[PDB]
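Colleague: Could you work out the structure for the sequence below:
(2 chains, ligands or ions: 2)
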Amino acid sequence: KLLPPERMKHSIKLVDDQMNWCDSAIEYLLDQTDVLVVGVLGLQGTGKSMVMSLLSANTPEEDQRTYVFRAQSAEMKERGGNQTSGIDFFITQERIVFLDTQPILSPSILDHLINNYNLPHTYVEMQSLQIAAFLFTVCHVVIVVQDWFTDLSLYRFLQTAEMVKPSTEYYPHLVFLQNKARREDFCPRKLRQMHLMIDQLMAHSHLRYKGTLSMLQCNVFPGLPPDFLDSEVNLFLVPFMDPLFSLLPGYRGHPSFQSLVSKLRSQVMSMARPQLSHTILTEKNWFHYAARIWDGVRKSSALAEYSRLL
Amino acid sequence: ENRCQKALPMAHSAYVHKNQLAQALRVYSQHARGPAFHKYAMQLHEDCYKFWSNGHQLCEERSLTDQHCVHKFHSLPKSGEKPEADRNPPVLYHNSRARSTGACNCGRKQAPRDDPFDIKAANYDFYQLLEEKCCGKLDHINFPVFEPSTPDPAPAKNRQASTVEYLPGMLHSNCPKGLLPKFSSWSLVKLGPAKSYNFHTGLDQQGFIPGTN
Ligand SMILES: Nc1ncnc2c1ncn2[C@@H]1O[C@H](COP(=O)(O)OP(=O)(O)OP(=O)(O)O)[C@@H](O)[C@H]1O
Ligand SMILES: [Mg+2]
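Modeller: Residues are numbered from 1 along each chain as shown, chains lettered A, B, ... in the order given. Ligands and ions are numbered 1, 2, ... in the order given. Find the structure here:
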């Protein structure tokens, strides 16, 4: 008489591709408290869907055709199109909510909207800003996935999104995930430059991008002392897919993909869960709060002010 | 800039003054923010003090009996200047509205006494005014006071007594040796010969509780 409610096999659609709410996740929610919400953000081919799938209910040794979050297929890469649309939803058995996100400012959505405001160009930017603000106001942590280092345009977008957010202020933690890392990026000399650039580029961001999720203490660098870094921000690197002398494998210079994925998952799960509103909330209450926030963000006033400026 | 400008009017219509300033600042910060909020915050604040304080800017001065001045912020009259209530700020003496009754140096005569803000008003002027009316014909042992050898003697900055520098306050254990005050806070008066006290009747003076004289 204490069996679990149900087990989710595949992620559902929390928000339709037309920016419409979809109330269909209450069937898998309970009345428990102390819930954790994780969101993702990134460009078109960064790999947010794969990261979310591997961090929620998947393993690297499994296949990409059975992932909880649909990933880009080989036939789709040749056409230069996107796969994830709208916002997804999935909750693991540990009562951890995972939220996916479509690419921001991606040319695929723009091209699809061409054959369908003053011009059909600021619409994509506003949709991206709306999603960023929503994830920044109803999620406990947000992970930013970057295909390459220093895009120089994501920081400005993040600051602008946080400046136009809906609303003793609450600022969720920010995580910088560098996907498809190489050996050259796994050196202390380059690490210092990376941390310095990240810290100097977000000096007045008001977000919690430091003091938590320190990969230096996760045994990634055995002999690297903590004082070697002026300010270790929350940055993590994810590498590319992976008689006796002649059988020695090649030298990669970076830890195994599975090891880093497991470490990242453990660190994400062992994170804090601060309060969102000025009251305690449960799973159902959190769902209702998120729905109300999305409804308010859609018919907001700051967005119109920013729209007349473009 | 637009957000800061829009938020400034809301806070400007919301306003001792520290609580109001803090509330206005918090309201402005929660209303809107941007990349240039420091300028708007400074402008909103400074237009505080300028139009703040001067209005409910109470005099903070305390009497020597620990009572506050009842006046708004006011200036003290200079030596020989009359009180002017219509100036901004007003020129008034401090006043707590408290009154006591005090006896003279010799104890024979009582009068009403206003609550003193100055040490001369407390230890000298009240008693001098009563002395003219009561004990000024009795024998006195005078205490040494500062006698200026110069037309403008300086207050001492913090062995024959100094004739160039005076003690600004009262003589006490922490004072520099050889300084005297401008007036004595003490008085020693002869009421009469020893026979003027009668052991069976006590002292013949007013204000004594029955049987305690
Ligand atoms: N670390 C990685 N190493 C190798 N291949 C990867 C890595 N991450 C992602 N990929 C592959 O590159 C592509 C990235 O697309 P994926 O499905 O992971 O999500 P995405 O780029 O966030 O998608 P969307 O276009 O919806 O934003 C996929 O084909 C995936 O298999
Ligand atoms: Mg995707």
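
Colleague: quick one, longest strand in chain A?
Modeller: When chain A is parsed with DSSP state E, its longest strand is strand A:173-181.

Colleague: Name the surrounding residues that touch it.
Modeller: With contacts defined as C-beta atoms under 8 Å, 6 or more residues apart in numbering or on different chains, strand A:173-181 is touched by A:46-47, A:51, A:140-149, A:158, A:185, A:198, A:205, A:207-209, A:212-213, A:233-240, A:254, A:264, A:268, A:271-272. To be clear about C-beta, it is placed using only N, CA and C from the backbone, and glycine gets the same treatment.

Colleague: Can you show me the strands along chain A?
Modeller: Going by DSSP E, chain A shows strands at A:12-15, A:36-42, A:87-91, A:96-99, A:141-146, A:173-181, A:235-239.

Colleague: Please produce CSV containing those, extended by distance to ligand 1 and mean neighbour count.
Modeller: Output for the strands of chain A, formatted as CSV (distance: least, C-beta to the nearest ligand atom, whole Å; neighbours: other C-beta atoms under 10 Å in any protein chain shown):
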stretch, distance to ligand 1, mean neighbour count
strand A:12-15, 14, 18
strand A:36-42, 6, 23
strand A:87-91, 10, 22
strand A:96-99, 13, 23
strand A:141-146, 7, 22
strand A:173-181, 5, 21
strand A:235-239, 5, 21
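
Colleague: what would these look like in JSON lines with distance to residue B:201?
Modeller: Listed next are those as JSON lines, based on distance: least, C-beta to C-beta, whole Å:
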{"stretch": "strand A:12-15", "distance to residue B:201": "103"}
{"stretch": "strand A:36-42", "distance to residue B:201": "93"}
{"stretch": "strand A:87-91", "distance to residue B:201": "101"}
{"stretch": "strand A:96-99", "distance to residue B:201": "97"}
{"stretch": "strand A:141-146", "distance to residue B:201": "94"}
{"stretch": "strand A:173-181", "distance to residue B:201": "90"}
{"stretch": "strand A:235-239", "distance to residue B:201": "98"}
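
Colleague: of those strands, which approaches residue B:67 most closely?
Modeller: Ranking the strands of chain A by proximity to residue B:67 (C-beta to C-beta) places strand A:173-181 first, at 55.7 Å.

Colleague: Just the C-alphas of that closest one, formatted as PDB.
Modeller: C-alpha atoms of strand A:173-181 as PDB (Å, rounded to 0.1, in the frame of the first residue of the first chain):
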ATOM      1  CA  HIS A 173      23.000  29.000 -10.100                       C
ATOM      2  CA  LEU A 174      24.800  29.100 -13.500                       C
ATOM      3  CA  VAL A 175      27.000  26.300 -14.800                       C
ATOM      4  CA  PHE A 176      29.300  26.600 -17.800                       C
ATOM      5  CA  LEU A 177      29.600  23.300 -19.600                       C
ATOM      6  CA  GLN A 178      32.200  23.100 -22.400                       C
ATOM      7  CA  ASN A 179      31.100  20.200 -24.600                       C
ATOM      8  CA  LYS A 180      33.400  18.500 -27.200                       C
ATOM      9  CA  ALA A 181      36.600  19.400 -25.300                       C
END
